[PDB]
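Okay, so here's just one chain, in structure tokens, the form deposited in one PDB entry.
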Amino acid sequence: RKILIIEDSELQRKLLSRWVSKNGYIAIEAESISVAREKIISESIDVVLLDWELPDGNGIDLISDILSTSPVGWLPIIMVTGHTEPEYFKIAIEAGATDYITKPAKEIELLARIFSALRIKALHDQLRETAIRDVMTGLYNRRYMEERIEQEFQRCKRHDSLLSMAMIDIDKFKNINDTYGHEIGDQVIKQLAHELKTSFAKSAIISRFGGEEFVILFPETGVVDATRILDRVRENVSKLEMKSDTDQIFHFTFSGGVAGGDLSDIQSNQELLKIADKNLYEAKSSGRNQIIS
């Protein structure tokens, strides 16, 4: 939905912006690489349009520059250039660009390229989500966890076994990214993952359910025990001295909602997630850094 337009020429940049902004998308402008880098760290950009003819140096500078500024680590870059020669397309790909427009760009070429970049990102994402384990944390991904939730709920319901579920979410994680950078944000996510993996019984099933959201099943554990064990981890996390890029100490916290225990009057695993999500929201709404059950 969000498109970054990098182009020195004010009239050409505003014309590209109008075309993006007209055809349903949100346009974001940069006149130099300087202001561009601010915008990739600042907002979550879905696609990049890049003038391959900028102030200083060609774009074996630029393309590689844009890619490692990216908080997520990869991003579709569409090249905008007057280089018509087939040779120049290859160098752009080998440099790590996604696509290519010969200027003067037509409304049609521009829409086509953006649609293609977004289709590939979406397919790339659907594929990464079929993986069992999240690469950065080693925890279960969402789709696998959803199959394990359905299975453990069916099993616990048939066997009149206890099953407690927690949904936790880092408190104001965007401010950690904005203030200290995405690399420090990664360290904070992996530190929470480490605490989650080292604190619960082997029997607990731990998922990275979203960017900074974690779902934990506690088979044979009632809501009161699950709450106290999760609250001890919440407490240990609030006391972690994290170090910034420049060695400043900062703290983070998470909020958590716990649902289930006795499943006798919970008809489905979706109802269990609904209750954990409601308790999460109540935790988020009542001062954060707490557990609601």
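If you superpose the two forms and keep the largest set of C-alpha atoms that fall within 1.5 Å, you have the rigid core. Shifts are known only where both forms have a C-alpha. Residues carry their position along the shown sequence, with the first being 1.
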> As stated in the PDB record, which stretch has the larger average Cα B-factor, 30-38 or 250-258?
Replying inline: 30-38
> Out of 39-47 and 225-233, which stretch has the higher average CA B-factor listed in the record?
Replying inline: 39-47
>> Take the CA temperature factors straight from the PDB entry and tell me which of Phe153, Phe173, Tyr88, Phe209 peaks.
In response: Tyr88
>> Highest Cα temperature factor in the entry, among the options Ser244, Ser68, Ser264, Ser238: which one is it?
In response: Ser68
> Going by the entry, which third of its chain does the Cα temperature factor of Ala95 land in?
Replying inline: highest
> By its CA B factor, does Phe200 count among the lowest, middle or highest third of the modelled residues in the chain?
Replying inline: lowest
> Taking the C-alpha B-factors as the PDB entry records them, is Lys190 in the lowest, middle or highest third of its chain?
Replying inline: lowest
> Within this chain, which third does the Cα B-factor at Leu75 fall in: lowest, middle or highest?
Replying inline: highest
> Should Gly181 be placed in the lowest, middle or highest third of its chain by the C-alpha B factor in the entry?
Replying inline: middle
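One more form of this protein exists, namely the form deposited in another entry; it is left out here, but the text below deals with it.
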> With the two forms superposed on the core, which of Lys174, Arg155, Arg128, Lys190 shows a CA shift of 2 angstroms or more between this form and the one not shown?
Replying inline: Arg128
> Quick one: once the rigid core is lined up, does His83 have its C-alpha move by 2 Å or more between this form and the one not shown?
Replying inline: yes
> Superposing on the rigid core, is the CA of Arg208 displaced by 2 Å or more between this form and the one not shown?
Replying inline: no
> Core-aligned, does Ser199 move its Cα 2 Å or more between this form and the one not shown?
Replying inline: no
> Once you compare with this form, do the C-alpha atoms of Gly138 and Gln126 lie closer or farther in the other entry, given a change of 3 Å or more?
Replying inline: closer
> How does the CA gap of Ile216 and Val72 change in the other entry versus this form, closer or farther, if it moves 3 angstroms or more?
Replying inline: closer
> In sequence order, what are the runs of three or more consecutive residues whose Cα atoms each shift by at least 2 Å between this form and the one not shown, relative to the rigid core?
Replying inline: 1-131
